[PDB]
Amino acid sequence: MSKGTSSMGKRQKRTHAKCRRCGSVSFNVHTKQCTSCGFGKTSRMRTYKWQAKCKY
Amino acid sequence: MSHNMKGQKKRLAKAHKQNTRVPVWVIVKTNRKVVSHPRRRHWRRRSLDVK
Amino acid sequence: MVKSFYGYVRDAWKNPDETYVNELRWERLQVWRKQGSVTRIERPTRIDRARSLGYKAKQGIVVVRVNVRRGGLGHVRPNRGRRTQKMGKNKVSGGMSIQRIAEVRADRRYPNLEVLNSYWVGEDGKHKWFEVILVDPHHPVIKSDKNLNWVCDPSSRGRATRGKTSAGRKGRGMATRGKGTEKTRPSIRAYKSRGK
Amino acid sequence: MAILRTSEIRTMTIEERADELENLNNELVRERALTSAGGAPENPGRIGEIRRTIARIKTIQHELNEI
RNA sequence: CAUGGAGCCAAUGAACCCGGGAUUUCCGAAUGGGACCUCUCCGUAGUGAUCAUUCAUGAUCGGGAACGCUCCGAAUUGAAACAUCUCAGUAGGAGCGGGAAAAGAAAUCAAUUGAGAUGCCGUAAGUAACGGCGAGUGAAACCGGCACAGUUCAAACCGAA
Ligand SMILES: [Mg+2]
Ligand SMILES: [Mg+2]
Ligand SMILES: [Mg+2]
Ligand SMILES: [Mg+2]
Ligand SMILES: [Mg+2]
Ligand SMILES: [Mg+2]
Ligand SMILES: [Mg+2]
Ligand SMILES: [Mg+2]
Ligand SMILES: [Zn+2]
C-alpha cells in the first residue's frame with residue numbers, strides 16, 4: 001500500500017522482547033542479543049566510550 | 001487472545017494494580033501536597049511496554 | 001676444561017645447521033606439525049636455556065610448546081576513503097614480535113598460571129615454535145620458595161599481557177639506557193606513544 | 001508487654017516453643033481471613049505484633065539449633 | 001518521605017546511633033539441561049568451561065567515577081586550493097589490572113682529569129634537529145629541588161646433605 005498510514009496497519013508483530021539481565025525492552029528475538037546491555041552476546045556488560053562526550 | 005506465560009501475566013497484574021487514585025487519607029495527611037503519581041494511564045492510550 | 005654438560009648442549013644448539021641437531025629437527029618437525037596450537041611437554045627441549053631463564057624441577061612449574069605463523073600483521077584494505085598514505089597496508093608489518101604473540105596465546109590457554117620467559121626452538125616455512133615457562137603461584141612449593149615467592153604478589157597478575165616479560169621489555173624499547181630511549185621509559189603511554 | 005518477650009521464648013522447652021508457634025500461625029490466619037472481607041479490624045495492631053513475635057520465635061529456634 | 005483515623009510497642013530500658021550475627025524469592029559472572037518462555041524439564045539433591053597438584057583440594061570468570069600498562073588505529077581542520085606535512089598516535093577499539101600502576105640498580109652520561117639506580121617538578125628552550133627547508137613539529141644531557149635502599153638467580157666446587 002502507501003508508504004504512510006496505509007502500511008502502518010500491519011504493525012502487529014514484535015522485534016524486541018524484554019531482557020532478563022537489565023529489564024529493558026531491547027532483546028532482539030532473531031539474533032538473540034540484548035541491544036542495550038549485551039546479554040546473550042557476552043558475559044560482560046555493553047559499554048562504549050562514544051556514549052558520552054570526550055571529557056575534555 | 002495473546003496466550004501468556006506466568007511472568008507476562010504477573011507483570012500485567014502489577015501494571016493493573018498501579019492504576020489507583022491516591023488514598024484520601026494521604027491527601028489529608030500531606031495537606032494537599034500529594035494528589036497524583038506518575039503511574040496513571042488509560043487502557044485506550046499509549047500502550048504499556050510491560051510485555 | 002672442566003665443563004658441565006649444559007655447556008655441551010649450549011654448543012650443540014649454537015649452530016643447529018652444522019651438527020647432529022639438524023637430523024633431530026627433521027624428525028621432530030613432522031610430529032610437531034601433527035600437534036595443535038598449544039601443547040604441554042614434560043621436559044624442556046633445551047635444558048641449558050631453560051635453566052638460564054629460571055627453570056627448576058619442582059611442582060607448579062609447567063613448560064609448553066606454542067605454535068605461531070610467520071609473516072607480518074595480516075591487515076585488511078580500508079573500506080572507506082583514506083589519504084593515500086594510510087591507504088596501503090601490504091608492506092606494513094606489525095609492531096608486535098612473534099614471541100609476544102606466542103606468550104599471550106599460552107597465557108590465554110592457562111588461566112591460573114603466570115608466564116615467566118620463553119625461547120626459540122625451531123622454525124620452517126609456515127610456522128615458528130617457542131617454549132614458554134609457566135609457574136603456578138598458588139602451589140605451596142612455590143610459596144615456600146625464596147627465589148620465586150615474588151610471583152605471589154598483587155602486581156604480577158597478567159604479567160605477560162602488560163609487557164613485563166623480557167621480550168615485552170625488548171619490544172617496549174627498554175632493553176638499554178641512554179641515547180635513543182628518551183621517549184621509551186618509564187613507559188610508551190607516558191609520551192603519547194611517540195617512542196617505539 | 002509483648003505477646004512474648006525473648007526471655008520467655010528462650011526459657012521455654014522445644015515443644016512449648018513449637019506449640020506457641022502453631023498457636024500464633026492459627027491466630028494470624030484467622031485475623032487475615034476476617035480482614036480480607038473489607039472490614040475494619042477489631043484491633044489493627046494485632047497483625048504487626050503477631051508477625052514480629054513469630055519472627056522472634058523463629059530467630060530463637062535457628063539460634064538454638066532447633067531448626 | 002508524609003503531625004490523618006483506629007490501634008499497638010516502650011522503665012523486662014524502646015525509638016535512634018556505633019560494632020557484630022541471622023533470614024536472604026527468581027533472574028543476573030549464573031554455573032544440572034532449556035529461554036520472541038525472569039519461568040520451566042528430569043530430578044539421577046546436580047564439580048558450567050579452562051587449568052595445577054600429593055589427585056584430599058585449590059585457582060580464574062563479573063563489577064568499579066576517573067587514574068594505570070600493552071597492542072590496533074581515522075577524517076573533518078591548517079597550509080587561505082592540495083598529494084608529503086598537519087589534525088594526531090588524537091577520537092575510537094581489543095586485552096590486562098591496583099589502591100596506586102609503570103620504571104629502577106649502567107655493556108650509562110660526559111671530555112681531555114669527572115659523575116655514580118629510578119620516578120616527579122623547575123630550567124635548558126620554542127634552542128639543536130625535521131620540513132612542498134613552506135605552514136608547522138620539536139627534544140635530551142649539564143644544573144636546582146621532593147624522596148632515598150639495595151639485592152636475588154645460571155655456572156665453576158660438594159652430589160640428595
Ligand atoms: Mg521509506
Ligand atoms: Mg576521554
Ligand atoms: Mg587459539
Ligand atoms: Mg611495581
Ligand atoms: Mg586547506
Ligand atoms: Mg577483572
Ligand atoms: Mg624491571
Ligand atoms: Mg607529532
Ligand atoms: Zn539487556
# chains A, B, ... in the order shown; residues from 1 in each chain; ligands from 1
call {"tool": "residues_near_ligand", "arguments": {"ligand": "ligand 7", "cutoff": "12 Å", "atoms": "only C-alpha atoms (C1' of nucleotides) and all ligand atoms", "output": "PyMOL selection string"}}
result
(chain C and resi 159+163-166+168-170+172+174-176+185-187) or (chain E and resi 102-105+117-118)
call {"tool": "select_by_dssp", "arguments": {"residues": "segment 22-172 of chain C", "states": "helix (DSSP H, G or I)", "output": "ChimeraX atom specification"}}
result
/C:22-34,47-52,98-109,140-144,149-151,166-171
call {"tool": "write_last_selection", "arguments": {"atoms": "C-alpha atoms", "output": "tab-separated table (two decimals), in the first residue's frame"}}
result
chain	number	residue	atom	x	y	z
C	22	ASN	CA	69.65	-30.96	12.02
C	23	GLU	CA	68.56	-34.61	11.75
C	24	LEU	CA	66.64	-34.32	15.01
C	25	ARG	CA	64.96	-31.27	13.51
C	26	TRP	CA	63.95	-33.36	10.51
C	27	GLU	CA	62.29	-35.98	12.69
C	28	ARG	CA	60.74	-33.56	15.20
C	29	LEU	CA	59.11	-31.20	12.69
C	30	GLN	CA	56.65	-33.86	11.49
C	31	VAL	CA	55.45	-34.74	15.00
C	32	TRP	CA	55.21	-31.04	15.83
C	33	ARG	CA	53.15	-30.30	12.72
C	34	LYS	CA	50.69	-33.04	13.64
C	47	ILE	CA	67.81	-27.75	29.15
C	48	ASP	CA	70.54	-25.10	29.35
C	49	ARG	CA	68.35	-22.27	28.07
C	50	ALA	CA	65.54	-23.17	30.46
C	51	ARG	CA	67.86	-23.32	33.47
C	52	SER	CA	69.29	-19.96	32.43
C	98	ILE	CA	56.25	-13.22	17.46
C	99	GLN	CA	57.49	-14.24	20.92
C	100	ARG	CA	54.96	-11.85	22.42
C	101	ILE	CA	52.15	-13.41	20.38
C	102	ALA	CA	53.25	-16.87	21.49
C	103	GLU	CA	53.36	-15.96	25.18
C	104	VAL	CA	49.98	-14.23	25.03
C	105	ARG	CA	48.35	-17.32	23.49
C	106	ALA	CA	49.94	-19.52	26.16
C	107	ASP	CA	48.66	-17.19	28.88
C	108	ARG	CA	45.17	-17.26	27.35
C	109	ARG	CA	45.18	-21.07	27.45
C	140	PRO	CA	52.72	-24.48	48.36
C	141	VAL	CA	56.10	-25.42	46.87
C	142	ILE	CA	56.27	-22.05	45.13
C	143	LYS	CA	55.11	-20.21	48.24
C	144	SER	CA	57.85	-21.74	50.40
C	149	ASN	CA	57.77	-16.02	46.05
C	150	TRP	CA	57.79	-12.61	44.34
C	151	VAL	CA	55.15	-14.02	41.97
C	166	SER	CA	61.80	-9.99	28.82
C	167	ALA	CA	60.51	-9.97	25.24
C	168	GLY	CA	57.93	-7.41	26.32
C	169	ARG	CA	60.60	-5.03	27.57
C	170	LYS	CA	62.63	-5.61	24.42
C	171	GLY	CA	59.56	-4.63	22.41
call {"tool": "atom_distance", "arguments": {"atom1": "atom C1' of residue 86 of chain E", "atom2": "atom CA of residue 50 of chain A"}}
result
25.1 Å
call {"tool": "residues_near_ligand", "arguments": {"ligand": "ligand 8", "cutoff": "10 Å", "atoms": "only C-alpha atoms (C1' of nucleotides) and all ligand atoms", "output": "ChimeraX atom specification"}}
result
/C:192,194 /E:86-89,137-138
call {"tool": "interface_residues", "arguments": {"of": "chain A", "to": "chain E", "cutoff": "8 Å", "atoms": "only C-alpha atoms (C1' of nucleotides)", "output": "PyMOL selection string"}}
result
chain A and resi 14-17+20-21+28-30+43-44+49-50
call {"tool": "residues_around", "arguments": {"residues": "residue 42 of chain B", "least_positions_apart": "5", "cutoff": "10 Å", "atoms": "only C-alpha atoms (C1' of nucleotides)", "output": "JSON, numbers by chain"}}
result
{"B": [19, 47, 48]}
call {"tool": "closest_atom_pairs", "arguments": {"of": "chain A", "to": "ligand 2", "cutoff": "10 Å", "atoms": "only C-alpha atoms and all ligand atoms", "output": "tab-separated table"}}
result
residue	atom	partner	partner_atom_place_in_ligand_line	distance
A:49	CA	ligand 2	1 (Mg)	7.5
A:50	CA	ligand 2	1 (Mg)	9.2
A:52	CA	ligand 2	1 (Mg)	8.7
A:53	CA	ligand 2	1 (Mg)	7.4
A:54	CA	ligand 2	1 (Mg)	4.4
A:55	CA	ligand 2	1 (Mg)	4.8
A:56	CA	ligand 2	1 (Mg)	6.9
call {"tool": "residues_near_ligand", "arguments": {"ligand": "ligand 5", "cutoff": "9 Å", "atoms": "only C-alpha atoms (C1' of nucleotides) and all ligand atoms", "output": "list in words"}}
result
residues 77, 78, 79, 80, 81 and 82 of chain E
call {"tool": "write_last_selection", "arguments": {"atoms": "N, CA, C and O atoms (P, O5', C5', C4', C3', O3' and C1' of nucleotides)", "output": "PDB file, in the first residue's frame"}}
result
ATOM      1  P     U E  77      37.481  20.319   5.764  1.00  0.00           P
ATOM      2  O5'   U E  77      38.259  20.745   7.080  1.00  0.00           O
ATOM      3  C5'   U E  77      37.681  21.640   8.015  1.00  0.00           C
ATOM      4  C4'   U E  77      38.659  22.001   9.099  1.00  0.00           C
ATOM      5  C3'   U E  77      39.877  22.789   8.660  1.00  0.00           C
ATOM      6  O3'   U E  77      39.625  24.172   8.505  1.00  0.00           O
ATOM      7  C1'   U E  77      40.564  21.006  10.025  1.00  0.00           C
ATOM      8  P     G E  78      40.415  25.016   7.400  1.00  0.00           P
ATOM      9  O5'   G E  78      41.925  24.953   7.884  1.00  0.00           O
ATOM     10  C5'   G E  78      42.370  25.706   9.001  1.00  0.00           C
ATOM     11  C4'   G E  78      43.872  25.690   9.113  1.00  0.00           C
ATOM     12  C3'   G E  78      44.632  26.043   7.854  1.00  0.00           C
ATOM     13  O3'   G E  78      44.707  27.432   7.620  1.00  0.00           O
ATOM     14  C1'   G E  78      45.582  24.122   8.816  1.00  0.00           C
ATOM     15  P     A E  79      44.555  28.005   6.138  1.00  0.00           P
ATOM     16  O5'   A E  79      45.926  27.624   5.438  1.00  0.00           O
ATOM     17  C5'   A E  79      47.163  28.029   5.994  1.00  0.00           C
ATOM     18  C4'   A E  79      48.324  27.236   5.447  1.00  0.00           C
ATOM     19  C3'   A E  79      48.519  27.265   3.948  1.00  0.00           C
ATOM     20  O3'   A E  79      49.162  28.453   3.523  1.00  0.00           O
ATOM     21  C1'   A E  79      48.744  25.051   4.739  1.00  0.00           C
ATOM     22  P     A E  80      49.312  28.823   1.972  1.00  0.00           P
ATOM     23  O5'   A E  80      47.840  29.157   1.471  1.00  0.00           O
ATOM     24  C5'   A E  80      47.106  30.268   1.972  1.00  0.00           C
ATOM     25  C4'   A E  80      45.811  29.807   2.582  1.00  0.00           C
ATOM     26  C3'   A E  80      44.835  29.114   1.623  1.00  0.00           C
ATOM     27  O3'   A E  80      44.354  27.887   2.162  1.00  0.00           O
ATOM     28  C1'   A E  80      43.740  30.816   2.850  1.00  0.00           C
ATOM     29  P     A E  81      44.678  26.502   1.425  1.00  0.00           P
ATOM     30  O5'   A E  81      43.842  26.555   0.074  1.00  0.00           O
ATOM     31  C5'   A E  81      42.483  26.149   0.009  1.00  0.00           C
ATOM     32  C4'   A E  81      42.168  25.425  -1.279  1.00  0.00           C
ATOM     33  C3'   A E  81      42.539  23.953  -1.339  1.00  0.00           C
ATOM     34  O3'   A E  81      41.585  23.115  -0.713  1.00  0.00           O
ATOM     35  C1'   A E  81      43.290  25.020  -3.299  1.00  0.00           C
ATOM     36  P     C E  82      42.037  21.927   0.268  1.00  0.00           P
ATOM     37  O5'   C E  82      43.119  21.125  -0.563  1.00  0.00           O
ATOM     38  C5'   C E  82      42.741  20.224  -1.592  1.00  0.00           C
ATOM     39  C4'   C E  82      43.944  19.517  -2.152  1.00  0.00           C
ATOM     40  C3'   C E  82      44.774  18.764  -1.131  1.00  0.00           C
ATOM     41  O3'   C E  82      44.280  17.462  -0.892  1.00  0.00           O
ATOM     42  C1'   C E  82      46.182  20.147  -2.415  1.00  0.00           C
TER      43        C E  82
END
call {"tool": "select_by_dssp", "arguments": {"residues": "chain A", "states": "strand (DSSP E)", "output": "ChimeraX atom specification"}}
result
/A:16-17,27-28,33-34
call {"tool": "write_last_selection", "arguments": {"atoms": "N, CA, C and O atoms", "output": "CSV table (one decimal), in the first residue's frame"}}
result
chain,number,residue,atom,x,y,z
A,16,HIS,N,11.5,-6.8,19.4
A,16,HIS,CA,12.3,-6.8,20.6
A,16,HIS,C,11.5,-7.2,21.8
A,16,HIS,O,10.4,-6.6,22.1
A,17,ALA,N,11.9,-8.2,22.5
A,17,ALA,CA,11.3,-8.7,23.7
A,17,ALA,C,11.9,-8.0,24.9
A,17,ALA,O,12.7,-7.0,24.8
A,27,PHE,N,15.6,-6.8,23.7
A,27,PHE,CA,16.1,-8.1,23.3
A,27,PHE,C,15.7,-8.5,21.9
A,27,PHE,O,14.5,-8.7,21.6
A,28,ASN,N,16.7,-8.6,21.0
A,28,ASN,CA,16.4,-9.0,19.6
A,28,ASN,C,16.0,-10.4,19.5
A,28,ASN,O,16.8,-11.3,19.9
A,33,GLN,N,20.1,-11.3,21.1
A,33,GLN,CA,21.0,-10.5,21.9
A,33,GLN,C,20.3,-9.2,22.3
A,33,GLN,O,19.4,-8.7,21.7
A,34,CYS,N,20.7,-8.8,23.5
A,34,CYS,CA,20.2,-7.5,24.0
A,34,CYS,C,20.9,-6.3,23.5
A,34,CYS,O,22.2,-6.3,23.6
call {"tool": "interface_residues", "arguments": {"of": "chain E", "to": "chain B", "cutoff": "10 Å", "atoms": "only C-alpha atoms (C1' of nucleotides)", "output": "number ranges by chain"}}
result
E: 2-5, 37-39
call {"tool": "residues_near_ligand", "arguments": {"ligand": "ligand 9", "cutoff": "8 Å", "atoms": "only C-alpha atoms (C1' of nucleotides) and all ligand atoms", "output": "number ranges by chain"}}
result
A: 18-27, 33-39
call {"tool": "write_last_selection", "arguments": {"atoms": "C-alpha atoms", "output": "PDB file, in the first residue's frame"}}
result
ATOM      1  CA  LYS A  18      12.170  -7.914  27.347  1.00  0.00           C
ATOM      2  CA  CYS A  19      15.674  -8.606  28.649  1.00  0.00           C
ATOM      3  CA  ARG A  20      16.265 -10.788  31.703  1.00  0.00           C
ATOM      4  CA  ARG A  21      19.506  -9.174  32.838  1.00  0.00           C
ATOM      5  CA  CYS A  22      18.552  -5.485  32.651  1.00  0.00           C
ATOM      6  CA  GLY A  23      14.758  -5.429  32.366  1.00  0.00           C
ATOM      7  CA  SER A  24      14.796  -3.175  29.304  1.00  0.00           C
ATOM      8  CA  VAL A  25      12.696  -3.960  26.221  1.00  0.00           C
ATOM      9  CA  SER A  26      15.647  -4.375  23.886  1.00  0.00           C
ATOM     10  CA  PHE A  27      16.113  -8.123  23.320  1.00  0.00           C
ATOM     11  CA  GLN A  33      21.025 -10.487  21.880  1.00  0.00           C
ATOM     12  CA  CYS A  34      20.160  -7.508  24.045  1.00  0.00           C
ATOM     13  CA  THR A  35      20.900  -4.282  22.203  1.00  0.00           C
ATOM     14  CA  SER A  36      21.268  -2.273  25.440  1.00  0.00           C
ATOM     15  CA  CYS A  37      23.314  -4.394  27.877  1.00  0.00           C
ATOM     16  CA  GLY A  38      24.732  -7.048  25.554  1.00  0.00           C
ATOM     17  CA  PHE A  39      23.023 -10.015  27.201  1.00  0.00           C
TER      18      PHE A  39
END
call {"tool": "atom_distance", "arguments": {"atom1": "atom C1' of residue 25 of chain E", "atom2": "atom CA of residue 56 of chain D"}}
result
20.9 Å
